[PDB]
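First residue of the sequence shown: 390, per PDB author numbering; consecutive thereafter. Don't be surprised by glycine CBs; every beta carbon is placed ideally from N, CA and C. Remarks on the structure that follows.
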Amino acid sequence: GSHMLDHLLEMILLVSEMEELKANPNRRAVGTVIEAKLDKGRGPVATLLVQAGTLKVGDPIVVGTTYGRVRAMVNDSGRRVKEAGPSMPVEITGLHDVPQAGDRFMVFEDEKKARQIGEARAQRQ
């Protein structure tokens, strides 16, 4: 989005997703994983480029054909965070299955709640 002013934007899990961000031809809201492997301590980790929207901890993420929930978020700079924005490489965890590099993952709620509240574009009346 346009920056997204930090206060408290409720977003946790998705609701009813039929939205098109339009980014990849595979699904109109996905991204590609750059490297993915298991870590004997951190768990199955997947360094990816979030393209579907915004990647946050707690997201139910679908990587390839397996879904999981983002346990920890480590970004491009190597910092653990809570929420990362689009176009930024981040490494997720909590797939509990084998993630693959070059695969495609789907993560999007993003405007869902903002729009729900009436913050983003929907239709205020």
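Query                                                                                                                                                            : Result
Which whole-angstrom value describes the C-beta separation of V434 and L444, a residue pair presumed to lie in contact below a C-beta threshold of 8 angstroms?  : That belief does not hold up - the Cβ atoms of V434 and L444 are roughly 13 angstroms apart, past 8 angstroms.
Report the start-end ranges of each beta strand (DSSP E) in the stretch 452-508 that is 3 residues or longer and not cut off at the edges.                       : 455-458, 462-464, 478-482 and 493-495
Thinking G442 and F494 are a contact (beta carbons under 8 angstroms), I'd like their distance in whole angstroms, please.                                       : Not a contact, Cβ separation roughly 11 angstroms.
Less than 8 angstroms between the CB atoms is what I'm expecting for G432 and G483, so what's the real figure, rounded?                                          : 7 angstroms
Quick one: using the 10 Å Cβ neighbour count with 16 as the cut-off for buried, is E399 buried or exposed?                                                       : exposed
Starting from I423 and walking both ways along the beta strand (DSSP E), at which residues does that stretch end?                                                : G420 to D428
Would you mind working out which of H485, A418 and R513 sits nearest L427, comparing C-alpha positions?                                                          : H485
Would you mind sorting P488 into buried or exposed? The rule is 16 or more other CB atoms within 10 Å of its CB.                                                 : buried
Any idea what DSSP makes of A435, helix, strand or coil?                                                                                                         : strand
To which residues of the same chain is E409 closer than 8 angstroms at the C-beta, ignoring the five residues directly before and after it?                      : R417 and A418
Taking the DSSP output, what are the residues bridged to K445?                                                                                                   : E472
Measuring only the C-alpha atoms, how far is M477 from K501?                                                                                                     : 20 angstroms
Going along the chain, which residues of its own chain have a beta-carbon closer than 6 angstroms to the beta-carbon of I481, five neighbours each way excluded? : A435 and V459
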